[PDB]
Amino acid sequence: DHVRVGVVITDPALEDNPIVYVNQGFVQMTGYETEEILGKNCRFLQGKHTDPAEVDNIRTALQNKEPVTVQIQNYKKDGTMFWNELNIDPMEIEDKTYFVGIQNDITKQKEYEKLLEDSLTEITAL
């Protein structure tokens, strides 16, 4: 397993703006397989400590078709909390609106960067 961003595309012309494309990065990041993701709204990543104020801000951004980047607490299938730096970009394909989402697991990024930084320090100590 290596760091990879999640990428989804949703179709807002369909009931509840479901995910119609998801990459393998998202599968690896969240612990859900493609068949458990396609057709669902992305809110299934939310959980106990997801800030409702930021969920509100996302809702408003989507309504207003404004790009938004927000750090939000999300949850893997197995219940593990991760901080998600989420970017959502409204866009158009054949004169219809879609949303592209990019998820960045900053918790994992921090952990992995620490491992490398510590190993490099250990080497110089020799």
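Position 1 is the first residue in the sequence shown; the rest follow in order.
Asker: Per the entry, where is the mean C-alpha temperature factor higher: 91-99 or 49-57?
Answerer: In the deposited entry, the stretch with the higher C-alpha B-factor mean is 91-99.
Asker: Would you tell me which stretch averages the higher CA B-factor in the PDB entry, 15-23 or 112-120?
Answerer: Per the deposited B-factors, the answer is 112-120.
Asker: Splitting the chain's C-alpha B-factors into thirds, which one does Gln63 fall into?
Answerer: According to the entry, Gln63 has a C-alpha B-factor in the chain's highest third.
Asker: Sorting by Cα B-factor within the chain, modelled residues only, which third would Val7 end up in: lowest, middle or highest?
Answerer: Its C-alpha B-factor, which the entry lists for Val7, ranks in the lowest third among residues of this chain.
Asker: Relative to the other modelled residues in the chain, which third contains the C-alpha temperature factor of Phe44: lowest, middle or highest?
Answerer: Middle third by C-alpha B-factor.
Asker: What third of the chain does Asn74 rank in for C-alpha temperature factor, lowest, middle or highest?
Answerer: Its C-alpha B-factor, which the entry lists for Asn74, ranks in the lowest third among residues of this chain.
Asker: By its CA B factor, does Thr34 count among the lowest, middle or highest third of the modelled residues in the chain?
Answerer: It falls in the top third of the chain.
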